[PDB]
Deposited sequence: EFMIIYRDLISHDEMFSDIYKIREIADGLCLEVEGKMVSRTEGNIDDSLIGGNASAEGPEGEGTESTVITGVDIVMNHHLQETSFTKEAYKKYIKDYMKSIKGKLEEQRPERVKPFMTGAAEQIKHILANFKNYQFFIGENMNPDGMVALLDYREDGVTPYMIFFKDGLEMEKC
């Protein structure tokens, strides 16, 4: 019955909803959302459905951005879920290293409001080369349900 909407905790933008196959990955740090190409005008269904905007980054610019972004999420956790801080930080350090190491594989998308402090979702494709999937930071999302 219910449908859950995932909103960017910092920018309040709607990021996605549970109408897609969602998997928790990176030991609970991220949510991987699988989508489909929709040519209605080609595009990823997740991006079109939630009005995500594609953006671009130099690696050095992205590196500065996610460290500050993850630290802002750490601040929210210290306030709302203190026990989550340590595993979040350890996982964040590892995931940041992972994203930087595979930096060129991704396309970057932000919420409709395009708040520079908001989350930047990562898009890449499955091995079939046609099935898109997007990565979001679980702790940077708030759930809304109805």
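Mapping the modelled residues onto the deposited sequence reveals one missing stretch, at 41-68.
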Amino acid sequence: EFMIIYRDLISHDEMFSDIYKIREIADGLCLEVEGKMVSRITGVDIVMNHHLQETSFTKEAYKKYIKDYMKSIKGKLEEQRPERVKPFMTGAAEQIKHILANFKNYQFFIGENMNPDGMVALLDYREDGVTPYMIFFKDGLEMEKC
From here on, numbers count along this sequence of modelled residues.
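For the pair 128-136 and 5-13, the record assigns the higher mean C-alpha temperature factor to 5-13. Relative to its counterpart among 42-50 and 64-72, 42-50 has the higher mean temperature factor, C-alpha atoms as listed in the PDB entry. Of the residues listed, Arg81, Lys104, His98, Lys86, the entry assigns the biggest Cα temperature factor to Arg81. Among the modelled residues of its chain, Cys30 has a C-alpha B-factor that falls in the middle third according to the deposited record. In the deposited entry, the Cα temperature factor of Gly91 places it in the lowest third of its chain's modelled residues. The PDB entry assigns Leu77 a C-alpha temperature factor belonging to the middle third of its chain's modelled residues.
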